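Okay, here's what each chain looks like letter by letter:
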Amino acid sequence: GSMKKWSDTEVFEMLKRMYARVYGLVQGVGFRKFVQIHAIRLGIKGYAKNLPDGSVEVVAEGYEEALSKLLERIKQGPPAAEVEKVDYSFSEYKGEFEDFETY
């Protein structure tokens, strides 16, 4: 058996801005709302700026464990619309948004 041991990965401080550019007919339907439920559940900040032009940008902001959860959610469970080409971009946070709301 083992003798040495170590632990790693626990929620502490800071979080990364996940830019998520969602394309397609995701306008109208509760796409940005669905992203809200999980984001809120997992303690994510940002804003879901559904400019009514097919191409809605989201500036969600997550840690690691909470990141992977909110990420794995979206792709796994697509919106109730014809998502055309959801091309997200892992970025970094300039600053934290005051909670997370939808346009």
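Residues numbered from 1 in each chain as written, not as in the entry; some residues may be left out. Heavy atoms only, no water.

## Some thoughts on the overall build of the chain
Then, in step 1: The secondary structure content of the chain amounts to 2 helices and 5 strands.
Then, in step 2: Reading the chain from its N terminus to its C terminus gives the helix and strand order β-α-β-β-α-β-β.
Then, in step 3: Its C-alpha atoms give the chain principal-axis dimensions of about 60 × 30 × 20 Å.
Then, in step 4: Per-residue burial over the chain gives 35% buried out of 103 residues.
Then, in step 5: Expressed as a percentage of contacts within the chain between residues at least 6 apart in sequence, the contacts between residues at least 24 apart total 84%. (Helix = DSSP H or I, 4+ residues; strand = E, 2+ residues; numbered from the N terminus. Buried < 20%, exposed > 50% of the residue type's maximum accessible area, 1.4 Å probe, protein only. Contact = heavy atoms within 4.5 Å.)

## Looking at the UniProt feature "domain: Acylphosphatase-like" in the chain
Then, in step 1: UniProt records the feature "domain: Acylphosphatase-like" at residues 17-103, using the numbering of this structure.
Then, in step 2: End C-alpha to end C-alpha, residues 17-103 measures 18 Å, and it is 26% helix and 28% strand. (UniProt positions renumbered as here; feature names shortened; annotations may be inferred.)

## Considerations on the pairing of strand β1 (residues 16-22)
Then, in step 1: Burial along β1 is one-sided: the face carrying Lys16, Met18, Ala20 and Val22 is buried and the face carrying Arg17, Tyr19 and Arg21 is not.
Then, in step 2: In this sheet, strand β3 (residues 56-62) lies alongside β1 in antiparallel orientation, the contact comprising 7 bridges. Note that in β3 the partner of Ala20 across the bridge is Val58.
Then, in step 3: Bridge count between β1 and strand β4 (residues 87-90): 4 bridges; the pairing is antiparallel. Bridged to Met18 within β4 is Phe90. (Pairing = 2+ DSSP bridges.)

## Looking at the nonpolar core
Then, in step 1: Grouped together as the largest cluster of nonpolar side chains are 20 residues, with contacts concentrated most on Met18, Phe31, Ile44, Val58, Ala60, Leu70 and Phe100.
Then, in step 2: The biggest single contributor to this core is helix α2 (residues 65-76), with 5 residues. (Core = buried A, V, L, I, M, F, W, Y, C linked by side-chain atoms within 4.5 Å.)

## A few points about the sheet that holds β4
Then, in step 1: Taking strand neighbours across the sheet as the criterion, the 5 strands line up as β4-β1-β3-β2-β5 in an open arrangement whose pairing is mixed. The open sheet has two free edges, formed respectively by β4 and β5 (100-102), since each of these has just one partner strand. Adjacent strand axes in the sheet meet at a mean angle of 15° when their direction is disregarded.
Then, in step 2: With respect to the sheet, helix α1 (residues 31-41) is in contact with β1, β2 (46-49), β3 and β5, its orientation differing from that of β5 by roughly 165°.
Then, in step 3: Sitting on the sheet, α2 touches β1, β3 and β4, and the angle it makes with β1 is about 10°. (Axes fitted to C-alpha atoms, helices over the stretch in contact; angles between N-to-C directions.)

## Examining α2
Then, in step 1: Here α2 is 12 residues long and its end C-alpha atoms lie 16 Å apart, about the 16 Å a rise of 1.5 Å per residue gives.
Then, in step 2: Regarding α2, the residues found buried are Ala66, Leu67, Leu70, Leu71, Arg73 and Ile74. Each buried residue of α2 lies within a common arc of 155° when the element is viewed along its axis, so the set occupies one face. Among the exposed residues of α2, those oriented more than 90 degrees off its buried face are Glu72 and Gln76. (Expected span 1.5 Å × (residues − 1). Arc of directions from axis to C-beta.)

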